[PDB]
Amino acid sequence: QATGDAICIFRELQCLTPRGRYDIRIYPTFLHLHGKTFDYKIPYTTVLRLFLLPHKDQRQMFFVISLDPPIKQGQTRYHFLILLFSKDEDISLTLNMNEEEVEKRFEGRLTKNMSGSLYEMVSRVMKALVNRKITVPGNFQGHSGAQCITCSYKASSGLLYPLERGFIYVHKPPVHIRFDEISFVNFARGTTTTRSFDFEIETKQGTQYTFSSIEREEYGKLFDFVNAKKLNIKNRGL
């Protein structure tokens, strides 16, 4: 329970990428992702984005850390650390420094002893350590009322989140596309099943991402969202 060199340690977190149970040890300039087999030291300067995303089931939360460069494990590359939390899990955290140092280091954002939901505590600590905002959903709401869309990417199914300034798909594999990177989007009829469509994104750098098998009922609100964000729909006739 003592944290030694570390400021604090989050133990036994469910990581989806990399997949497994990991501790996260917080240090001043990096976090140590400590697994039973592998270990990774991740400087805060390599954190590109932070996201806190509500799972469609209204019971879990994703915390996503986008990395640049990615972490390496043999030939595999992880461009994202994805943590999965139940909203009902709580944590009591004690920082391994005195009150004066906590105030000096974190400007009142943290205190030596803190309690709350585990996902909220991870977010609080990461925000204090990393010069990135906690990116959360904006005003998008789907046909059913959720803030994401069920779809397929590559060989698996997942969740597409229309955010204020980009799309993020989780979790296998994860993809983050900023709106400023998009050349155009396209809505295509789905071969897999009737009553579904594919949402294709073409980036300016010349790459295509297809989120497929989206229920037809989701079209209206995704169409309205893409228009509100000024993304070009190519094409509109046919």
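A residue's number is simply how far along the shown sequence it sits, counting from 1.
If you average the C-alpha B-factors over 175-183 and over 188-196, the higher value belongs to 188-196.
On average the C-alpha atoms of 36-44 have higher B-factors than those of the other stretch, with 36-44 and 54-62 being the two compared. Ranking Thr135, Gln75, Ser117, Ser123 by the C-alpha B-factor listed in the PDB entry places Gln75 at the top. In the PDB entry, a CA B factor belonging to the middle third of its chain's modelled residues is recorded for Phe140.
Split the chain's modelled residues into thirds by C-alpha temperature factor. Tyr153 is in the highest one. Ranked by Cα temperature factor within the chain, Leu129 sits in the lowest third according to the deposited record.
Annotation for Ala146: C-alpha temperature factor in the highest third relative to the rest of the modelled chain, per the entry. Per the PDB record, residue ranking by Cα B-factor puts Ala6 in the lowest third of the chain.
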